[PDB]
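Consider the single chain below, provided in structure tokens and representing the form deposited without the partner chain.
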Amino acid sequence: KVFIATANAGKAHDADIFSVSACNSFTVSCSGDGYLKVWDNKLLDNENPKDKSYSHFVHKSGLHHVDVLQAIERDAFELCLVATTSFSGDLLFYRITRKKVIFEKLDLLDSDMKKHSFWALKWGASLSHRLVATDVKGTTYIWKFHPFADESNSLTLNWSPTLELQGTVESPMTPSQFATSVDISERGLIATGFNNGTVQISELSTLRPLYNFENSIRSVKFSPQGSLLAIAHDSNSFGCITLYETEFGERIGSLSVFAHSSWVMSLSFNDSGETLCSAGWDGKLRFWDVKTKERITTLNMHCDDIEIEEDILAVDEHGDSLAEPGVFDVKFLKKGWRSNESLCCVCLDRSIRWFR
């Protein structure tokens, strides 16, 4: 397979772009500058992404994670939610709607929850939608989202959302350590990565530990099937991918040629679960055939890739070259989301890039 550049935005944020997510309607990025940025997916015949972009300030501590949920509520109510976590440990919620794109901050968490310092997060789309998050102390949280507070509000489509804590699962290790990453599968499995190289899988709806196994985990992603778990982890300055069968937790394989000459920062399975994209701090997006565990293609990121020459960022804050900017995050987009499976990544040169 061959992936090609379709659109990009240089100097997209005023600070580092740590995380990116997408739904049918739009890609959303978040940055250490404190802003969310929404990017229309229905972009035109090579039109400037920035002209179809909408920013919203969230928290001056900066944002390090963002995920978007988009569904229709019984052919009636368009539901589009963004969750993002800040460096202060806050976990903020915004409803998104369309003169054009509007952000509405939601008050969902109680006082008890707000004492935690949230890190990683992930929506579990459709009986109600779920959300999962970690905090820095190593605990994972599981909520159920409701667009309507009671049935009277539901019967009138009266927006009044709540978040109901289903419970938590705790960190296996001696003293508890930083939980860097999370995911939730379609089959109902939760996986949590930690900064000591450990990973604990728990059962959703039980919320009880099933098992675990043992340098820091950076990303954790269930394949769409749910039968395989890909894990990015540091290992003596290099970045490694280890695959695990998901039932007993046996390691079944790995991806190499180590996976990246520097850290593997993020993972993203395509829709079929056949391809796996690795985002690397070496500034590479490598794609892996999952079944044969074999590298298929590589995209090398360069600061001079930016279509508008004016917002090429060739040098960082200290004078060091951004010739090959590391990739903070990557996400596969479904077939018909962009204007044929798409992809999006965000890199150290403060750029966001769409492909294929």
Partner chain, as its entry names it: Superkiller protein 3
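Positions refer to the first chain, counted from 1.
Although it is not shown, the form deposited with the partner chain bound is what the next lines describe.
Is every one of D45, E341 and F355 within 4.5 Å of the partner chain in the bound PDB entry, counting heavy atoms?
-> No: no residue has a heavy atom within 4.5 Å of the partner.
Considering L79, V101, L189, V136, which brings a non-hydrogen atom within 4.5 Å of the partner chain in the bound PDB entry?
-> Selected option: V136.
Residue contact check: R130 to the partner chain in the bound PDB entry, 4.5 Å heavy atom | Although the partner chain is absent here, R130 would stay clear of it in the bound PDB entry, with no heavy atoms inside 4.5 Å.
In the bound PDB entry, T206 touching the partner chain (heavy atom, 4.5 Å) | Judged by the heavy-atom cut-off of 4.5 Å, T206 is well away from the partner chain in the bound PDB entry.
With heavy atoms only and a cut-off of 4.5 Å, decide whether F178 touches the partner chain in the bound PDB entry.
-> Contact with the partner chain, yes.
Contact test in the bound PDB entry: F87 vs the partner chain, heavy atoms, 4.5 Å | Yes, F87 lies within 4.5 Å of the partner chain in the bound PDB entry.
Could you tell me which of 142-150, 158-166, 114-122, 197-205 sits within 4.5 Å of the partner chain in the bound PDB entry, going by non-hydrogen atoms?
-> Residues of 114-122 come within 4.5 Å of the partner.
Residues of 44-67 having any heavy atom within 4.5 Å of the partner chain in the bound PDB entry, listed in sequence order | If the 4.5 Å heavy-atom criterion is applied to the partner chain in the bound PDB entry, 44-67 yields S61, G62, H64.
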